[PDB]
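In this chain, numbering begins with 1 at the start of the sequence shown.
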Amino acid sequence: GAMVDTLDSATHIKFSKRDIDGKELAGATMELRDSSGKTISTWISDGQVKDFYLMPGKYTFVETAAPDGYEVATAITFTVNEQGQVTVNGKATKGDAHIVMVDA
(Lines give C-alpha, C1' and ligand atoms only; values in the text may rest on other atoms or scores of the structure.)
Protein backbone atom coordinates (compact mmCIF):
# COMPACT_ATOMS: atom_id res chain seq x y z
CA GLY A 1 0.00 0.00 0.00
CA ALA A 2 1.20 3.48 -0.87
CA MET A 3 1.03 6.84 0.79
CA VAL A 4 2.81 10.16 0.93
CA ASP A 5 3.20 12.65 3.76
CA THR A 6 5.87 15.05 5.10
CA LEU A 7 8.74 14.42 7.58
CA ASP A 8 17.46 21.22 -12.70
CA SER A 9 16.38 21.11 -9.08
CA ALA A 10 16.80 17.95 -7.07
CA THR A 11 14.28 17.07 -4.40
CA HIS A 12 15.02 15.20 -1.22
CA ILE A 13 12.53 12.35 -0.74
CA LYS A 14 12.36 9.99 2.22
CA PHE A 15 11.17 6.42 1.86
CA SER A 16 9.97 4.03 4.56
CA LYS A 17 8.99 0.39 4.38
CA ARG A 18 6.50 -0.11 7.22
CA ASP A 19 3.96 -2.55 8.59
CA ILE A 20 0.36 -1.64 9.45
CA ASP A 21 1.47 -0.47 12.92
CA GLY A 22 3.85 1.98 11.25
CA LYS A 23 6.95 0.11 12.42
CA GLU A 24 9.93 0.22 10.06
CA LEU A 25 10.11 -3.26 8.55
CA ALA A 26 13.51 -4.78 7.79
CA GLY A 27 14.41 -7.35 5.16
CA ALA A 28 12.51 -6.15 2.08
CA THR A 29 14.49 -5.90 -1.16
CA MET A 30 13.61 -2.62 -2.84
CA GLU A 31 14.35 -1.00 -6.16
CA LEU A 32 13.86 2.52 -7.45
CA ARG A 33 13.20 2.61 -11.18
CA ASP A 34 13.20 5.53 -13.61
CA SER A 35 10.41 6.20 -16.12
CA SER A 36 12.03 3.78 -18.60
CA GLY A 37 11.89 0.98 -15.98
CA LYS A 38 15.66 0.99 -15.45
CA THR A 39 16.77 0.22 -11.89
CA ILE A 40 18.66 3.24 -10.52
CA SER A 41 18.94 2.14 -6.87
CA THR A 42 18.68 -1.18 -5.02
CA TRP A 43 18.61 -1.53 -1.21
CA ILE A 44 17.48 -3.76 1.61
CA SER A 45 15.15 -2.23 4.18
CA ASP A 46 16.93 -2.03 7.53
CA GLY A 47 14.60 -0.33 10.00
CA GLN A 48 15.75 3.15 8.99
CA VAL A 49 14.37 5.74 6.61
CA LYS A 50 15.93 5.62 3.13
CA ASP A 51 16.93 8.92 1.55
CA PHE A 52 16.84 9.91 -2.11
CA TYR A 53 17.79 13.04 -4.02
CA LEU A 54 15.92 12.96 -7.31
CA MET A 55 15.64 15.05 -10.45
CA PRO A 56 12.25 15.83 -11.96
CA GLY A 57 10.61 12.74 -13.46
CA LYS A 58 8.30 9.81 -12.97
CA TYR A 59 9.64 6.93 -10.86
CA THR A 60 8.55 3.65 -9.35
CA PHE A 61 9.37 2.02 -6.01
CA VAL A 62 9.27 -1.76 -6.48
CA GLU A 63 9.48 -4.35 -3.71
CA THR A 64 11.21 -7.27 -5.43
CA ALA A 65 11.31 -9.56 -2.36
CA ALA A 66 9.47 -9.45 0.97
CA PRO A 67 10.56 -10.75 4.42
CA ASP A 68 9.03 -13.93 5.90
CA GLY A 69 5.26 -13.78 6.37
CA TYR A 70 4.69 -10.95 3.88
CA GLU A 71 3.50 -10.85 0.28
CA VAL A 72 5.21 -8.41 -2.07
CA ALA A 73 3.42 -5.03 -1.94
CA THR A 74 2.19 -3.30 -5.11
CA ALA A 75 4.67 -0.94 -6.80
CA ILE A 76 4.40 2.79 -6.02
CA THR A 77 4.45 5.21 -8.92
CA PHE A 78 5.34 8.80 -8.09
CA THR A 79 6.39 12.03 -9.76
CA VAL A 80 8.74 14.85 -8.81
CA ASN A 81 8.69 18.28 -10.49
CA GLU A 82 11.22 21.12 -10.72
CA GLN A 83 9.42 23.00 -7.93
CA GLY A 84 9.77 20.04 -5.53
CA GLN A 85 6.19 18.84 -5.72
CA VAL A 86 5.96 15.08 -5.13
CA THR A 87 2.78 13.29 -6.20
CA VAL A 88 1.66 9.77 -5.31
CA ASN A 89 -1.74 8.44 -6.48
CA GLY A 90 -3.26 11.92 -6.79
CA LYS A 91 -1.91 13.30 -3.52
CA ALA A 92 0.71 16.04 -3.93
CA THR A 93 3.00 17.58 -1.34
CA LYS A 94 5.88 20.04 -1.19
CA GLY A 95 8.55 20.05 1.52
CA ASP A 96 9.92 17.01 3.35
CA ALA A 97 8.15 14.45 1.10
CA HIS A 98 8.01 11.04 2.78
CA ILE A 99 6.71 8.08 0.77
CA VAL A 100 5.65 5.00 2.75
CA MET A 101 5.20 1.49 1.36
CA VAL A 102 2.97 -0.45 3.76
CA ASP A 103 3.52 -4.21 3.91
CA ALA A 104 0.57 -6.33 4.99
Report yes if the side chains of [X] and [Y] come closer than 4.5 Å at any heavy-atom pair, otherwise no.
X	Y	result
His12	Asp51	yes
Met101	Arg18	no
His98	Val49	yes

Nearest heavy-atom neighbours spanning [X] and [Y]:
X	Y	value
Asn81	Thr11	O-OG1, 4.1 Å
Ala73	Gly1	CB-N, 4.1 Å
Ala26	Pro67	O-CG, 3.5 Å
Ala92	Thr87	CB-OG1, 3.5 Å

Among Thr77, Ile40, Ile13, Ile99, exactly one meets side chain to side chain contact (heavy atoms under 4.5 Å, CB included) together with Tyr59. Which residue is that? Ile40
Which residue is it: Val100, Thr93, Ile76? I am looking for the one with a side chain to side chain contact (heavy atoms under 4.5 Å, CB included) to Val4. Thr93
Rounded distance [0.5 Å steps], CG in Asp8 versus CD in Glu82: 4.0 Å
At what distance, to the nearest 0.5 angstrom, does CG of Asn89 lie from OG1 of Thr74? 10.0 Å
Examine distances only and state if a side-chain atom of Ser9 and a backbone atom of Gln83 form a donor-acceptor pair shorter than 3.5 Å. no
Are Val62 and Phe52 connected into the same hydrophobic cluster when the rule is that any two of I, L, V, M, F, W, Y join if their side-chain heavy atoms are below 4.5 Å apart? no
Examine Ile44 and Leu25 and state if one hydrophobic cluster contains both, with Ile, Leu, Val, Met, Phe, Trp and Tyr joined whenever side-chain heavy atoms are less than 4.5 Å apart. no
Can a salt bridge be assigned to the pair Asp96 and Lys14 using a cut-off of 4.0 Å between side-chain N and carboxylate O? no
Could you check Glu24, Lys50, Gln48, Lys23 and say which one makes a side-chain hydrogen bond (donor to acceptor under 3.5 Å, both in side chains) with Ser16? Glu24
Does the plane of the ring in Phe15 sit parallel, tilted or perpendicular to the ring in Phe61? Use 30° and 60° as the thresholds. tilted
Which donor-acceptor pairs under 3.5 Å do side chains of residues 30-37 form with protein atoms, sequence neighbours excluded?
from	atom 1	to	atom 2	distance (Å)
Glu31	OE1	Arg33	NE	3.1
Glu31	OE1	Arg33	NH2	2.9
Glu31	OE1	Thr39	OG1	2.8
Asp34	OD1	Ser36	N	2.9
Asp34	OD1	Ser36	OG	2.6
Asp34	OD1	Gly37	N	3.2
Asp34	OD1	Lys38	N	3.0

